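In the structure tokens that follow, the same protein chain appears in two forms, which are kept apart as structure 1 and structure 2.
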Structure 1
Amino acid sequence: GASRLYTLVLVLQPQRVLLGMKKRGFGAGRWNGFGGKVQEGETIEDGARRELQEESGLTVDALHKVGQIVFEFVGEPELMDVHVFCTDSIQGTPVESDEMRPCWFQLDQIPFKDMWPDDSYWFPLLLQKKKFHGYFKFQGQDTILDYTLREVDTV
């Protein structure tokens, strides 16, 4: 059915990944990658690049598509169609703003308990350079009712 396009960008380097603690809005209190809605007349990749700069202060060269995840919240008519990207070549330094507080995390210290619960399923694939298609059904913001997750050759 009808789905709204979102982007999600993980700045993932060999020994660390950047996450930002979302200060306000839906899902505040959790460490997120950077992203959001795509604009009219904007390609998905261009929106991910824009949202990364807007939210982290970072400029990136190459963006690699690594996943597509569809989220359903029970009772909510709009599905979230989230296009996940990764990058390791960035320019700039992340900046705390009144919307997000950024921190680098060692790969063995990902704060899964303070992240969206679906991250525990697909972040491991992201970390092993796998690509994936995912679907997660939520009841509220805390409980996964069911899900599917499949490794793919083409996102």
Structure 2
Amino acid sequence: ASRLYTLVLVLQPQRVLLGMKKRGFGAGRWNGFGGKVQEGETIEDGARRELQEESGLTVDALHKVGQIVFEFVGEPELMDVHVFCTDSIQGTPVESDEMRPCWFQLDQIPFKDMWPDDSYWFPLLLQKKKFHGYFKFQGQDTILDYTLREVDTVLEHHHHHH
């Protein structure tokens, strides 16, 4: 099957808010906010819930800017990653036990300290281009293949449990 995930980028005109994973899986890397969508909540609920827990921020709105599929050789469960961005935050960013938010100038993004697929789709998100992406991995993050398309509009999946 697949597992449903959200990824949220807080993107203001000249800077982006990323979070460093503090402990555990993927520790020491910077990424957007998000996580697994739980049963009982919609995709948008999960994205809002993760951003609140990981950064302490509330959002007025989330823009659907991308979809990514992660596939790992051996695992029959793909990752269905719904990607959102937003520039209408409320509150002050404050770390959780899991993530610490920090602002980054758009021309100083630390790609070497982020997940490898970010080097592909993150520049498209930075240029306000919507995208559909697929990445096949082996191991933690070794890309075997990928395809990345710019889209006019992000296609809806019509998840009826989320």
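Rigid core: the largest C-alpha set superposing within 1.5 Å between the two forms. Numbers given to residues start at 1 and step along the sequence of structure 1.
- When two forms of a protein are overlaid on their rigid core, residues whose CA moves 2 Å or more are considered shifted, and residue 25 is one of them between structures 1 and 2.
- Relative to the superposed rigid core, residue 124 shifts its CA by 0.9 Å between structures 1 and 2.
- Fit the two forms on the rigid core and the C-alpha of residue 100 turns out 1.1 Å off between structures 1 and 2.
- When the core is overlaid, the C-alpha of residue 142 ends up 3.5 Å from its other position between structures 1 and 2.
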